[PDB]
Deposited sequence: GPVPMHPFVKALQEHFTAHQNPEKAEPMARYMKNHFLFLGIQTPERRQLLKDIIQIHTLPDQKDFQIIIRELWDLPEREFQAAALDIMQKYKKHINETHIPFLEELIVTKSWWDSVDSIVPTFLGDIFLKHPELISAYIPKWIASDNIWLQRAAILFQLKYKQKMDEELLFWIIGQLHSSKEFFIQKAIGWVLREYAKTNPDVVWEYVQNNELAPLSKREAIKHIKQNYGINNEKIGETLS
């Protein structure tokens, strides 16, 4: 049971609008790792908007963690919507907090929402901190921290640290894990929108799982 009145209110309001018919397919979509109330994103954001109609910033970590601790997945999704509203107050001191979120109730929906936006932004401002985290994440054998190392630069475009990206990928290219092979393909394909020659040269000269290579070049292969 949540301490914070905001979370108590969100819990009651979400629960009052649950849809058991939708909960089953939503749960199986996520391989039944989580219970669902059965509330999709548009309705979930409207219900959150209801309750906000914003807690002090000193409460934001308390609120997020309380939501993270609740069983139904919509509360973690709502927690990430809430964290967006505190964007300007999130900085390098929050990396360990974000790490905890990544490795707790982990799946692609939370991790892909946390990493290219919040960690991406932090490391753009503090690139001198990357070596304190990225190698650690790679060495952790936690696939979500590994996916975090791969994807924190996903949205960088011209800001991409190419040599860092390629080093991270080389460290993880031998992973058997689908979510790692796919993340490698994804980030290379995305970066190829900005710097296609360099992604082509990388893929032609460095070992990748076939899934990763195929995904990387599927929109530039017709140019070479």
Missing C-alpha runs, given along the deposited sequence, first residue counted as 1: 1 to 2, 56 to 58, 230 to 241
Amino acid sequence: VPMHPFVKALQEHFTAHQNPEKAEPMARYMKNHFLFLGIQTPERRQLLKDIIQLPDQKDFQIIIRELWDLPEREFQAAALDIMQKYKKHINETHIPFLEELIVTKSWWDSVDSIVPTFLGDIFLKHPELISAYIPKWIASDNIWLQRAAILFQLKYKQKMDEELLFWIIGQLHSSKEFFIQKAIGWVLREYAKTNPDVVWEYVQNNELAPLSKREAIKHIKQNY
From here on, numbers count along this sequence of modelled residues.
Higher of the two mean Cα B-factors (147 to 155, 88 to 96; per PDB record) comes from 88 to 96
So 197 to 205 or 12 to 20, which one's hotter by mean CA B-factor in the entry? 12 to 20
In this PDB entry, which of 161, 56, 177, 190 has the top CA B-factor? 56
Comparing against every modelled residue in the chain, figure out the third that the C-alpha B-factor of residue 27 lands in (lowest, middle or highest). highest
Relative to the other modelled residues of the same chain, rank the CA B-factor of residue 168 and answer lowest, middle or highest third. lowest
Test of reading the entry: by CA B factor among the chain's modelled residues, which third contains residue 186? lowest
Within-chain third of residue 128 by Cα B-factor, per the entry: middle
Position of residue 81 among the chain's modelled residues by C-alpha B-factor, lowest, middle or highest third: middle
